[PDB]
């Protein structure tokens, strides 16, 4: 086999059904072999940066591997943003870059650039494979590292000559198993006793609970403790659950900060949050002040970064939370008022009117802009897994990319992307990618003709008109009367992308 096809066969054997990126000469050994592979679809994007946002979302929502591929040089460096994002999110994305021939590196070959040291700071593993005899050990090694321990992105560079050489030994390795960080059962036995013993506490749930939501809720029930989520984890716990108070942190709820900053709960049970800027209201001491601190995390670096932890529970949440529930069982709230929408033409009232016209199962993918604060603070979490938020790396356009990744990984779930004017100018040509793959996504663009959150203000663009010129259904909302259930429904009914442009210069905070 050609080296390029063995690399795809390893990805296929590991369950990959999509590859995101842009074809070119230095990566068309890959694309010309995907001509004859019914099991893998290349998803051609308009910018490789967006391909990385899609891959991360795809990895997140398939709970497995994702893949990007880009040409040597400019394609590879356009992927660095997507890898930095995936690295911060602990998502297992393989970044495949072309390379110029082994013989001609150093000679200013066309699109020459050694990608290995550029990807090294934003990946768990990075390698340029300069010998066809090492291709299977390197793609195999990259795949196990991406999926093992604390998952993360990896980068493999394949010179174009190597891509076409035959691999000496084509034997395929088995599919990688995720090697989870296993929790110390002795530690869990003691923590359970210490949670009983100290009687009162609260749970701060970050996004690390995302694969153990039923267990996380059962632990709160067994302890009868209230739960607050980080802004990033807003969509993991339904507002209907009697123990779920709301969001603590950036754009968070008054009921949740009154809990955290009061004198009522002895234990701070921190489950799956790195306790960064947006989870802690810029490192406010209230979360753990005058409390006993228990933190559950699989990344050992996170403990005692800023908040001293009395019990650090190293281990994967999908092992330790269900284990903790069994240990607590063997040994033995206020809430946030939902927000009410109104008639005045405000970002708050537009988004709330929007929510009441959409299925309860809708996943909101939220881009980076002022509208993010209203989504986090005002909209209701109707069911679990419904808010794709990034308040970490926060790349503009990652909301657009995550809508496309989510619709590819979980087609049965409806998707609305809440984005903005500036995010549309950066990555809104991907809507053409959504069109080519026939993906039903409603893109709600909040056009305020400024990069908010006179160089900042622009002459307004008719984004609804741009969408129509792209052959994409759209409506422009310029008043509240324009936002009708009939229009929202008629847009979601299309088999492909649609744009609801909300032209709204709201000067509120």
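Positions refer to the first chain, counted from 1.
In the deposited entry, the stretch joining residue 164 to residue 165 is continuous, with no residue of the deposited sequence left without coordinates. Unmodelled deposited residues between residue 453 and residue 454: 10 or more, per the record. Higher mean CA B-factor, judged across 353 to 361 and 100 to 108 from the recorded values: 100 to 108. For the two regions 58 to 66 and 27 to 35, the entry's Cα B-factors average higher over 27 to 35. For the set 216, 145, 264, 300, the PDB entry puts the maximum C-alpha B factor at 264. The entry assigns its greatest Cα B factor, within the set 190, 141, 413, 329, to 413. Compared with the other modelled residues of the chain, the Cα B-factor recorded for residue 182 ranks in the middle third. The PDB entry assigns residue 133 a C-alpha temperature factor belonging to the highest third of its chain's modelled residues. Sort the chain's modelled residues by C-alpha temperature factor and residue 465 lands in the middle third, per the entry. When the modelled residues of the chain are ordered by C-alpha B-factor, residue 10 sits in the lowest third. When the modelled residues of the chain are ordered by C-alpha B-factor, residue 46 sits in the middle third.
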